[PDB]
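The structure under discussion appears below in the form of structure tokens.
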Amino acid sequence: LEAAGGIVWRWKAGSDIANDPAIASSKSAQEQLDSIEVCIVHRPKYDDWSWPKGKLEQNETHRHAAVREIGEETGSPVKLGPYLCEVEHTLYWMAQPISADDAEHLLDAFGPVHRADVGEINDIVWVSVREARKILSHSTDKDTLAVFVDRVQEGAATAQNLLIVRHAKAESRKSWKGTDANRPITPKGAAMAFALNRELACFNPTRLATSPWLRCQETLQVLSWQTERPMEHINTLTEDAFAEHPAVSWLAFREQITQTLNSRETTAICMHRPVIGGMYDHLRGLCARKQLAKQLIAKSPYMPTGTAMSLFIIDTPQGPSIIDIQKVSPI
Amino acid sequence: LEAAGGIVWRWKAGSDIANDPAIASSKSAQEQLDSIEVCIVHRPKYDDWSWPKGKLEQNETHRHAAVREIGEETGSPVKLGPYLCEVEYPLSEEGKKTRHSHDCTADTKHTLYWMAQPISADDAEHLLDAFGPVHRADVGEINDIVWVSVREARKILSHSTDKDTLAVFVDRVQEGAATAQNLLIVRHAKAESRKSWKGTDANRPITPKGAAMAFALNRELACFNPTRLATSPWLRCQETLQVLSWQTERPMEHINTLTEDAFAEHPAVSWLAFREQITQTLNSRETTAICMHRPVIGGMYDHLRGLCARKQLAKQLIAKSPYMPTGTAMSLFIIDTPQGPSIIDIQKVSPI
């Protein structure tokens, strides 16, 4: 029996960090943790308090089930943050509430979410991390909360989200009688790209970018259409541009990371494999852990075509540091 | 073996019909034919004159090859019109004036022909990604392109095979084909089952496989130069044509009165909305692509069926498999009459 859910958190209204989130990283882990409220729901069935979660629907992923279950039980649409853990079978993510307007832009991309009935949930509360430890009914949830605290101590509360998307399956260079720039994705590629939208939607992507080359454009265009977020073309990220000026490519990419951190919005960018490889050559060594760096590979099966990697980043004096990596596959 | 091509035609410059195509239908068949010009190409290898045509590429439809080959050899991009015929003759025959059948062992060539009309450079540019690339033939393949009257075509065509096809073009014209306009009806792609979808019927989307289906269909629909796009506002229909809309930059016009609910409630209103599209298609002389729900299509067909020019055509006008499977389309060529729109040709359009 598969289920998914998570710990939805926010900065306590009135706290210094809430008044200006940008100062979060200039605060200690304790100052941050003391400024956080987490969401706990009450199930009348067992008269218990726990983290919102629920069973996956038929052919639905755990990440999608998690966002849906949180919305159904807390009434809050959210975007997934770093992954927390799994319990013997439920997977948990820490997550942040998104605006009602943003949620509306994801209606078709994510799919429907129905409010739970009073017989499923009859109370929703927002408490501090200390109180959460006190009121949670099951030890399992307290453990997950402890993992949540670890993440915060490791800077997760200040992390921002960058989604890197490899273009979907495209026509072979062998049979394509056009230019490489207009080489399109194949019918199967369109299916993969289409199916991937519901997954990418779990991270509330509100800034879309892409190499101008058709195969990359077509990979995110339906998402762009449903979310009404125009795709920004980044000419300096084509394979030709990367081959000629790789450092200029890093600047282009790095600027998107800067925009992501400043706006605190999720950025999704469709890129070419060798270009992603070049980006990773610099990000690998900046990862928070060796385990993360080992996964940061722009090749299959680490990252097959039509799939993405949801990266959570904090900036450091040495460069952007990835604190978590989630491989995102369609269907 | 497999090839495709066609007779690309236009109204002679300076002629009355040319100065105002709208008057074409008020002219006799003989008046139309005498004011028409058809395109013939010269091949240096055979030093012959024939209709443009060429071998289908791997995984290409005959219809797509027809448009591409015409484009490669005549240099002008076109939109397919009514279908003409198919021919077959031994490969050894090709340079001979009169094509003769051979025995079972001989290698043969099978060619499908359509009548077609040139489209503007701008429209062609809008179809670049939807149709795909088209390069020009080299002087070693084609080294002259002429436009002649139907009478002269009969006199300069090097092969009997092409003269037979021209006779079919004549038959088609004599039946209104030169005045016909193109409406493409598109059934939405495979969609989520009503039982598993937990949203509204309005928002039920197509499946990833449906999306592949719709995407592949684009290069086929592109053969008819669709410049007007319409759809039921329901998501499953919108998503069936949105990639085409995106590529061609032609907005998708929502027609609320064509949803399944609207049709069930007011079927006559559905016909009016549908008929208004036919009116627009005929007046603009542009191809309209409209995505609809199966039952609503059946409802349109119940009226169109009896107006078909041939009973053979009426029998094919069925809104359901195997006649019209999900995710496929029907390209209709229509001429309007005092009793209502009359279909003179039907072409089933499927992907892959």
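In what follows, chains carry the letters A, B, and so on, assigned in the order in which the sequence lines appear, proteins first and then strands, with residues in each chain numbered from 1. Atom set for the values below is all heavy atoms of this structure, side chains included, hydrogens, waters and symmetry mates excluded.
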Interface moiety of [X] toward chain B, non-hydrogen atoms closer than 4.5 Å:
{"X": "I185(A)", "value": "both"}
{"X": "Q221(A)", "value": "side chain"}
{"X": "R183(A)", "value": "neither"}
{"X": "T186(A)", "value": "backbone"}
{"X": "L107(A)", "value": "neither"}

Q.
Under 4.5 Å from any heavy atom of chain A, what part of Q247(B) do you find: side chain, backbone, both or neither?
A. side chain
Q | Residue selection (most heavy-atom pairs with chain A, distance under 4.5 Å) from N203(B), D129(B), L217(B), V243(B) | A | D129(B)
Q | Non-hydrogen atoms of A195(A) and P208(B) that approach each other most closely | A | CB-CG, 3.7 Å
Q: Would you name the heavy atoms of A212(B) and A191(A) that are closest together and state the gap between them?
A: CB-CB, 4.0 Å
Q) Under 3.5 Å, is there a donor-acceptor pair between the side chain of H135(B) and the main chain of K177(A)? A) yes
Spatial distance of atom [atom1] ([X]) from atom [atom2] ([Y]) [nearest 0.5 Å]:
{"X": "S196(B)", "Y": "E60(A)", "atom1": "OG", "atom2": "CD", "value": "12.0 Å"}
{"X": "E218(A)", "Y": "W246(B)", "atom1": "CD", "atom2": "CH2", "value": "5.0 Å"}
{"X": "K209(B)", "Y": "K188(A)", "atom1": "NZ", "atom2": "NZ", "value": "8.0 Å"}

Q | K53(A), NZ atom: more than 12 neighbouring heavy atoms under 6.0 Å | A | yes
Q. If you draw a 6.0 Å radius around NZ in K327(A), do more than 12 non-hydrogen atoms from other residues or ligands fall strictly inside?
A. yes
**Q.** Close side-chain approach of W176(A) to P133(B), heavy-atom, < 4.5 Å
**A.** yes
Q. Between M192(A), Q217(A), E57(A), which has the largest tally of heavy atom pairs under 4.5 Å with chain B?
A. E57(A)
